Each structure stands twice: as C-alpha cells, then as structure tokens.
C-alpha cells in the first residue's frame, strides 16, 4: 500500500499540497513547505510588481471555516521566478508557480519570462482566473469570452503545459460551457477546482459589526462551509474533461475529506483554511488517516478508487 503517484512527467510521494496563498509568500514560507511531509508545494499568486494588499483586518477564522479579502499581497514576479530558478531543491518535491495578473497583458508579460525557466527546471504553471477580492475586478472565469481570450493569449505566449485555477459554479449550463472552453486548449493539462466561494459576509452578533475591513466586509469563504460545493465542481469537470487531470481544493480537514475528493476525480488534493489554522504538521496526519481508510477498504493504490463515486440506479 502506498500514496505514490506520477503525473505531468513528475514523481510525487503523496497527493497532498498547500492551496495557493497559504504558507507560500516569503522565502521562509517556501522553505517551511519544502521541509514538510507534503508531496508538492505552490507559490503565492503573483503580479508584475510587489503589492501590499488590502487593509487589516483581512482574514478571520471560525469553527466552520474562514473569510478573507487579502488583495493579492505578494513579493512580485521577479522574486518567485528567482526562487524557482536558483533556490528551490527539486530533489525534495515538485514546485508549482501561481500567477494572477490584473489584465491579459500582465499575464502574457510574466509567461514570456517564465518559459525558459520552466523548460530548464520543470517548474509547473498554475494560472489564476478566479480571484474574488480585488476591488473593481470580477472573477475572470465568470465571463466566458474573457476566459477564452486569456487562454488563447497565454497558450500562444507560453507554449508549454500549464494548469488553470477555477472559481466555483452553481449552474449545470455554466459547468457545460466552461469545460467546453477548456477543452479547446491542448496545453491546459490540469484544472484546479475550486477557489474561494466569493463575496460572503460574516457579522459578529455582540459588536453588531462585520469582521473584515475591505469591501464593506465582503470576502471569499473557505473550509467546512464549502465542501459539497468543491466536490460538485471536482466531479463536474472530471466528467466533462476526460483527457485532462483535475486537482481538488476546498473543505479538506481529514483523510476522509481527501478520500471523498479522490472518489469525485481528484489527482492532487490541496489544503487551505485547515493548513492556515493547524500548521504544516497537518500533512503527516492527512497521510496517516488516508492510508487507514485505504487499508480498511482493501485499496492498495490511488488508481483503484479515483473517479469511482457511485450514482443511484
């Protein structure tokens, strides 16, 4: 029995990694994720220039999950490119690099510089089309024409395999249209479902006030709140994109939650809110818990149950 897997021409000790934005902004953060038991890591979504992000308080956690409006705080593309080119030890585990430009032009500028480093070192691109927290900037992938434009321009300028981070959808027609767009692009090798559930609102009953400062209290939701939403999106894209991989993200706290994502179709499994709250020790616990479920059910490898969720009748 083992958790080993091979995909995208890389070898992984296990399917677990951080979700983009959690424990991955500074060199210190990245070294910490590398020293953990995780199978891989991804860097903070970056822009051409460094950003301070939105005013504090901008993150708050609760029993059922988290709300945030960070505002894309990051050290700038030059820093994350240098980490991938000169600093990361690829003998420990694979590295993904996330980008989130504020226009199609900004993304194209970054991928032109990323390409030679990807060719030499094997760093893997995750393109973020789902940030719900920059004021005046609605989620790119909720506009299918803008989506098609970003993907055409990036494919042409990069010319190498990449993946896409998607927002959650709630409508069968939207699942149908979005997956069809993705299937037009052979360079898109993986689809990560999902980013935060956008523009929720948490209110404190005692103080009668919202709990985060930006955007009048409105922010993206993660954790226990979003698990059935995340599983729905993972399965919807697994069914509709049979020639691509799907990565699961949303509501993972336990080996059982990871088992459900994998049954739905997930290859890698990403951990956000639960990692932010518990710290990187979570990865040894998730491995132990998934192996014990597999033992009890008589499963020896991940391929024996990936995508095998059963429907009724």
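Residue numbers count along the first chain shown, from 1.
Between 101-109 and 161-169, the higher mean Cα B-factor belongs to 101-109. Once the C-alpha B-factors are averaged per stretch, 287-295 and 13-21 rank with 287-295 first. Annotation for 74, 149, 196, 235: 149 ranks highest, by Cα B-factor. Taking the PDB entry at face value, the top CA B factor among 126, 208, 176, 86 belongs to 86. Ranked against the other modelled residues of its chain, the C-alpha B-factor of residue 54 as given in the entry falls in the highest third. When the modelled residues of the chain are ordered by their C-alpha B factor, residue 219 lands in the lowest third. Among the modelled residues of its chain, residue 229 has a C-alpha B-factor that falls in the lowest third, as given in the PDB entry. Sorting the modelled residues of the chain by their CA temperature factor places residue 133 in the highest third. Compared with the other modelled residues of the chain, the Cα B-factor recorded for residue 186 ranks in the highest third.
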